[PDB]
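Report on the structure
Chain by chain, the residues run as shown.
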Amino acid sequence: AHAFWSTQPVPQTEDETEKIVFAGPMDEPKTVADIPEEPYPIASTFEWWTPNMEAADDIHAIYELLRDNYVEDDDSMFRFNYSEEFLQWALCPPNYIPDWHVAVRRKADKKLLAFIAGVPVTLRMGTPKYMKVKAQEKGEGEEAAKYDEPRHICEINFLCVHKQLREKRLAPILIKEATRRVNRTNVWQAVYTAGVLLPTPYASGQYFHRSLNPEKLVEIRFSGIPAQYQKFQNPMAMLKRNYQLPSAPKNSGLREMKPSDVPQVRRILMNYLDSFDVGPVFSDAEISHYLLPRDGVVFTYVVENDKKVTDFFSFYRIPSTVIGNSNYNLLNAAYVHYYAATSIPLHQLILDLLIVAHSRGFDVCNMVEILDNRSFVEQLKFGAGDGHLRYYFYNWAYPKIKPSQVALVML
Ligand SMILES: CCCCCCCCCCCCCC(=O)SCCNC(=O)CCNC(=O)[C@H](O)C(C)(C)COP(=O)(O)OP(=O)(O)OC[C@H]1O[C@@H](n2cnc3c(N)ncnc32)[C@H](O)[C@@H]1OP(=O)(O)O
Ligand SMILES: Cc1nn(C)c(C)c1NS(=O)(=O)c1ccc(NCCN2CCN(C)CC2)nc1
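The present account deals with the structure reproduced in this document. (Residues numbered from 1 in each chain as written, not as in the entry; some residues may be left out. Chains lettered and ligands numbered in written order. Heavy atoms only, no water. Residues with missing side-chain atoms left out of burial classes, pairs and counts.)

So, on to helix α2 (residues 56-69). With 14 residues, α2 ought to run about 20 Å at 1.5 Å a step, and its terminal C-alpha atoms sit 20 Å apart, in line with that. Looking at α2, one finds that the buried residues are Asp-58, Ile-59, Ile-62, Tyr-63, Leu-65, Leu-66 and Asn-69. Along the axis of α2, the buried residues cluster in a sector spanning 165°; they form a single face. The exposed residues of α2 that point more than 90 degrees off its buried face are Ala-56 and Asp-57. (Helix = DSSP H or I, 4+ residues; strand = E, 2+ residues; numbered from the N terminus. Expected span 1.5 Å × (residues − 1). Buried < 20%, exposed > 50% of the residue type's maximum accessible area, 1.4 Å probe, protein only. Arc of directions from axis to C-beta.)

Written out as structure tokens, the structure reads:
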């Protein structure tokens, strides 16, 4: 029973999703003119607010709402503490639409109560390869290729309702209003991820974690000491030793990315991403925005052996408030972002990622089993966590695919 999701243009059950063969819209074509010009109705103690994303104070207000009310684990140990600079970066990519950032405020005192954000993404979302092959056996290639062109769509993130306003059906209202503002700009599909199960994922993958500071992670109970370590005289010394890393990167040529790297980086990234069924298409402007280093937010390194860039890796920072332990304020996580390797094995590229993230004081390295992330798990000592990232479309019928056919990283 989903009183809201049952009303929406999404597949309704797993069985429906495993029955789908081609990519395409769920809904009837609609027009910009068809869409209400007036904001969705909301109780008169509240108003809609469109925050200004290049205004430091508005960023601050969104920052605080998320700090106190955004994602926690189920045991209330950690809550995301995305920084202000991270939010400006995430919410203001090139050609972003200010209207797509949707907030609810109390009319009386302008207190922020809820938020949802949309940003533009150019995404390949045509029929996956194996379904195309089948359609070609059967003379249905035309139907299977109809939506192969990259689509300019919306990416949803940062949905948050204040803790005091939970389970008052406010999330559906935020989602309806976001949908309206995006539809008004002639966009009819969206992509979103969630740690929770909703109708209905097109792909789902486990989270993986690479301990960088194991003693801190045990202390805060992000991690436990596995039971075989108890046969050691000093469990923690064995644990520290098991996860230890060099201080200096191993690849010669490794340096930080710079603006003149953009075209080379774009080329090797796009060549690599194009091999997945679902992936973003990036302009020079978007490579520069999503990958150029920004202090405390995104860290990007290239391999340049012979004034020629042949590999790169990137990671981003999300700290979490450590809610139940007084000895630490923040767990500092580094998230594996985009990468491409043409001159060295991927496990060797990513070892340097761990080395850099460790030397910069990160506690853990996190990723989902999308891209070729499975390919270096065992050797680099990542372990699976209890979490899953699920990938969804809005108003797009899509076959169930494996997470290793997904090339879209979500922030
Ligand atoms: C064309 C463009 C279209 C754009 C729109 C695309 C669709 C985008 C969809 C959004 C993608 C966001 C991606 C991310 O940001 S995922 C991260 C979501 N944020 C958090 O988890 C932060 C902490 N939690 C909260 O702030 C609240 O619990 C939220 C706001 C999540 C729910 O508020 P509350 O707990 O006060 O509940 P309600 O009484 O208001 O509403 C209950 C309804 O909400 C459905 N629900 C619960 N969680 C989610 C969820 N994560 N995505 C979609 N729907 C969700 C739920 O099944 C139920 O519907 P139904 O089962 O009765 O049918
Ligand atoms: C360290 C930490 N902080 N927080 C808030 C959590 C849940 C953790 N633990 S964790 O193992 O790193 C982890 C576990 C599960 C998880 N789930 C995905 C939540 N979604 C992340 C991506 N986003 C676009 C939608 C929300 N993300 C992170």
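Core analysis: the largest hydrophobic core is formed by 130 residues, its most contacted members being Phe-86, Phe-158, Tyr-202, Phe-313 and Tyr-339. The biggest single contributor to this core is strand β4 (residues 112-124), with nine residues. In this structure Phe-158 touches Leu-66, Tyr-70, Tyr-82, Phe-86, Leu-87, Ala-90, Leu-91, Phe-115 and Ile-116, once residues within four positions along its chain are discounted. Grouped together as the second largest cluster of nonpolar side chains are five residues, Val-218, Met-236, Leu-239 and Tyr-243 included. (Core = buried A, V, L, I, M, F, W, Y, C linked by side-chain atoms within 4.5 Å. Contact = heavy atoms within 4.5 Å.)

Before going further, it helps to spend a moment on the site of ligand 2. Around ligand 2, the structure places 15 residues, and the nearest of them are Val-71, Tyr-207, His-209, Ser-320 and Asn-366. The separation between a nitrogen atom of ligand 2 and a polar side-chain atom of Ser-320 is 2.7 Å. The contact in question runs from an oxygen atom of ligand 2 to an N or O atom on the side chain of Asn-366, over 2.8 Å. Taken by itself ligand 2 offers 610 Å² of open surface, and the protein chains cover 88% of this. The set of elements that each furnish at least two residues to the shell around ligand 2 consists of β2 (78-80), β7 (203-211) and β12 (330-341). Ranked by the residues each element gives to the shell around ligand 2, the list is headed by β2, at three residues. (Near = heavy atom within 4 Å. Polar contact = N/O pair within 3.5 Å; in protein donor to acceptor, adjacent residues only side chain to side chain. Areas by Shrake-Rupley, 256 points an atom, 1.4 Å probe, with all protein chains shown as cover.)

Let us look at the packing of helix α9 (residues 262-273) against helix α10 (residues 284-291). For the pair α9 and α10, the least separation of the axes is 9 Å and the interaxial angle reads 95°. Classified by the interaxial angle, the pair formed by α9 and α10 is roughly perpendicular. Contacts from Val-262, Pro-263, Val-265, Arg-266 and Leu-269 in α9 reach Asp-284, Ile-287, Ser-288 and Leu-291 in α10. The residue makeup of the contact of α9 with α10, split by class, is six nonpolar, one polar and two charged. (Axes fitted to C-alpha atoms, helices over the stretch in contact; angles between N-to-C directions. Parallel < 35°, antiparallel > 145°, perpendicular 65-115°, else oblique. Nonpolar A, V, L, I, M, F, W, Y, C, P; charged D, E, K, R; others polar.)

Let us look at the pattern of salt bridges. On inspection of all chains with the given rule, the structure shows 22 salt bridges. Here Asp-148 makes a salt bridge to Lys-132, at a shortest N to O gap of 2.6 Å. Residue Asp-148 is found in the loop between α5 (141-145) and β5 (151-161), and its partner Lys-132 is found in helix α4 (residues 129-137); the two are separated by 16 residues along the sequence. In this structure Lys-132 comes out as partly exposed when scored by relative accessible area, which is 22%. Here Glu-369 and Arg-374 are joined by a salt bridge, their closest N and O atoms 3.1 Å apart. By relative accessible area, which is 11% here, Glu-369 ends up buried. Several salt bridges share partner residues, and in doing so they unite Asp-99, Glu-177, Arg-180 and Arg-181 into one network. (Salt bridge = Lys/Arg side-chain N within 4 Å of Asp/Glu carboxyl O.)

Roughly 200 Å³ of volume is contained in the largest cavity. Lining the largest cavity are 21 residues, and of these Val-119, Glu-155, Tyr-290, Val-409 and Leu-411 lie nearest its centre. Broken down by secondary-structure element, the contributors of at least two residues to the lining of the largest cavity are α3 (84-91), β4, β5, α10 and β12. The greatest single-element share of the lining of the largest cavity, amounting to six residues, is contributed by β4. (1 Å grid on protein atoms, 1.4 Å probe; cavity = no way out; pocket = protein on both sides within 12 Å on 5 of 7 lines; lining within 4 Å. Points joined across faces, edges and corners; volume = space filled by probe spheres on them.)

Right, let's get into the packing of α2 against α3. It is at 9 Å that the axes of α2 and α3 come closest, and there the two elements cross at 105°. In this view, α2 runs roughly perpendicular relative to α3, as classed from their interaxial angle. Contacts between α2 and α3 involve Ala-56, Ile-59, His-60, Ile-62, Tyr-63 and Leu-66 from the first element and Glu-84, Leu-87 and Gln-88 from the second.

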